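Undergrad: All residue numbers for the sequence shown refer to the deposited numbering, where the first residue is 602 and numbers rise by one. Heads up, the beta-carbon is just placed ideally off N, CA and C, and yes, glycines get one too.
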Amino acid sequence: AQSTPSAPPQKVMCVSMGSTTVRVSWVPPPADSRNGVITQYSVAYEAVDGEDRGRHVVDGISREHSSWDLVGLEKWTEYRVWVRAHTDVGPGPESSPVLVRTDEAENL
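(1) On the DSSP letters alone, give me the boundaries of the beta strand (DSSP E) that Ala686 sits inside.
(2) Using alpha carbons as the reference points, say which of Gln641, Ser617, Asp704 lies closest to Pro609.
(3) Work out the CA separation of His687 and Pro630 for me, nearest whole Å.
(4) In the DSSP output, what is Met614 paired with across the bridge?
(5) Check whether the stretch 690-698 and the stretch 661-678 are in contact - that is, three or more C-beta pairs closer than 8 Å.
(6) Quick check on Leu671: buried or exposed, where buried means 16 or more other Cβ atoms within 10 Å of its Cβ?
(7) How about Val658 and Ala645: do their beta carbons lie closer than 7 Å?
The structure is reproduced here in C-alpha coordinates:
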(Lines of atoms letter the chains of each structure in order from A and count residues from 1; the text may use other names and numbers.)
(Lines give C-alpha, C1' and ligand atoms only; values in the text may rest on other atoms or scores of the structure.)
Protein backbone atom coordinates (compact mmCIF):
# COMPACT_ATOMS: atom_id res chain seq x y z
CA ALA A 1 0.00 0.00 0.00
CA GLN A 2 3.01 2.30 -0.28
CA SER A 3 2.10 5.08 -2.67
CA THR A 4 5.32 7.10 -2.58
CA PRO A 5 8.51 6.48 -4.56
CA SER A 6 11.00 4.12 -2.96
CA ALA A 7 13.91 5.07 -5.23
CA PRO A 8 15.57 8.32 -6.29
CA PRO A 9 15.75 9.84 -9.76
CA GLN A 10 18.55 8.29 -11.79
CA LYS A 11 21.57 9.51 -13.73
CA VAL A 12 21.70 12.87 -12.04
CA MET A 13 24.08 15.24 -13.84
CA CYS A 14 24.97 18.90 -13.28
CA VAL A 15 26.70 21.25 -15.70
CA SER A 16 27.75 24.81 -14.96
CA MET A 17 26.45 27.07 -17.75
CA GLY A 18 27.65 30.40 -16.49
CA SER A 19 28.69 32.43 -13.51
CA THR A 20 25.37 31.99 -11.70
CA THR A 21 23.62 29.07 -13.44
CA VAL A 22 23.74 25.28 -13.29
CA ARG A 23 21.77 22.87 -15.45
CA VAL A 24 20.60 19.83 -13.55
CA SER A 25 19.39 16.75 -15.45
CA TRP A 26 17.93 13.42 -14.37
CA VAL A 27 15.99 10.31 -15.42
CA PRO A 28 12.86 9.12 -13.60
CA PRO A 29 13.19 6.32 -11.04
CA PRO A 30 12.53 2.79 -12.29
CA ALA A 31 8.78 2.54 -12.85
CA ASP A 32 8.26 -0.35 -10.42
CA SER A 33 9.79 1.75 -7.64
CA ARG A 34 7.49 4.72 -8.13
CA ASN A 35 4.42 3.19 -6.43
CA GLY A 36 2.23 5.70 -8.25
CA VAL A 37 2.31 8.45 -10.83
CA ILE A 38 5.21 10.81 -10.25
CA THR A 39 3.55 14.22 -10.30
CA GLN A 40 6.55 16.48 -9.67
CA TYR A 41 10.29 16.66 -9.12
CA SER A 42 12.20 18.90 -6.80
CA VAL A 43 15.82 19.97 -6.82
CA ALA A 44 17.64 20.84 -3.62
CA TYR A 45 20.99 22.54 -3.49
CA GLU A 46 23.39 23.78 -0.87
CA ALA A 47 26.63 25.73 -1.14
CA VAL A 48 29.70 24.01 0.26
CA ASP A 49 31.86 27.11 0.39
CA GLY A 50 29.56 30.05 -0.21
CA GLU A 51 28.35 33.01 1.78
CA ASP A 52 24.83 31.50 1.82
CA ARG A 53 25.13 27.93 3.07
CA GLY A 54 21.44 27.26 3.56
CA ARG A 55 19.61 24.48 1.76
CA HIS A 56 17.41 25.72 -1.03
CA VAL A 57 14.75 23.87 -2.96
CA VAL A 58 13.12 24.35 -6.33
CA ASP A 59 9.78 22.61 -5.83
CA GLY A 60 6.96 21.67 -8.18
CA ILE A 61 8.87 20.88 -11.35
CA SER A 62 6.44 19.17 -13.77
CA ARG A 63 6.83 15.42 -14.31
CA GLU A 64 7.77 15.67 -17.99
CA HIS A 65 10.92 17.63 -17.34
CA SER A 66 14.29 15.89 -17.44
CA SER A 67 16.30 19.01 -16.64
CA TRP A 68 16.10 22.31 -14.75
CA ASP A 69 18.34 25.36 -14.57
CA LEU A 70 19.27 26.57 -11.11
CA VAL A 71 19.78 30.31 -11.35
CA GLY A 72 20.80 33.13 -9.07
CA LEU A 73 23.71 31.11 -7.68
CA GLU A 74 26.90 32.53 -6.13
CA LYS A 75 29.90 32.88 -8.44
CA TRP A 76 32.96 30.64 -7.98
CA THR A 77 30.96 28.52 -5.51
CA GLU A 78 30.55 24.76 -5.18
CA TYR A 79 27.13 23.24 -4.60
CA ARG A 80 25.72 19.89 -3.54
CA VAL A 81 22.67 19.10 -5.69
CA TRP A 82 20.02 16.45 -4.96
CA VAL A 83 16.92 15.56 -7.02
CA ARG A 84 13.80 13.81 -5.71
CA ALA A 85 10.53 12.52 -7.15
CA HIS A 86 7.08 12.95 -5.62
CA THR A 87 3.74 11.23 -6.10
CA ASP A 88 0.46 12.91 -5.16
CA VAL A 89 0.83 11.19 -1.80
CA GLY A 90 4.30 12.43 -0.92
CA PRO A 91 8.01 12.67 -1.53
CA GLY A 92 10.44 9.94 -2.48
CA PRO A 93 14.12 9.75 -1.44
CA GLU A 94 16.69 12.14 -2.84
CA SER A 95 19.47 11.10 -5.12
CA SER A 96 23.05 10.95 -3.82
CA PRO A 97 24.43 14.51 -4.10
CA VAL A 98 26.26 15.68 -7.16
CA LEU A 99 28.94 18.38 -6.72
CA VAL A 100 29.12 21.23 -9.24
CA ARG A 101 30.95 24.58 -9.17
CA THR A 102 29.98 27.86 -10.83
CA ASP A 103 32.80 29.74 -12.49
CA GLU A 104 33.73 32.75 -14.58
CA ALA A 105 33.57 30.79 -17.81
CA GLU A 106 30.40 30.90 -19.87
CA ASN A 107 29.20 28.16 -22.21
CA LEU A 108 28.07 29.72 -25.48
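TA: To lay it out plainly:
(1) Residue numbering aside, residue 686 sits at position 85 when the sequence shown is read from its first letter. Run containing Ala686: 679-688, per the beta strand (DSSP E) assignment.
(2) On the sequence shown, position 8 is the one that residue 609 refers to. Checking every option, the nearest Cα to that of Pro609 belongs to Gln641.
(3) Along the sequence shown, one-based indexing puts residue 630 at 29. Along the sequence shown, one-based indexing puts residue 687 at 86. Each residue's Cα considered, the two are about 11 Å apart.
(4) Here residue 614 refers to the residue found at position 13 of the sequence shown. Paired residue(s): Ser626.
(5) no
(6) Taking the sequence shown and counting its residues from 1, the one referred to as residue 671 is at position 70. With 16 or more other Cβ atoms within 10 Å, it is buried.
(7) To locate residue 658, count along the sequence shown from 1; it is residue 57. To locate residue 645, count along the sequence shown from 1; it is residue 44. Yes, the Cβ-Cβ distance between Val658 and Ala645 is below 7 Å.
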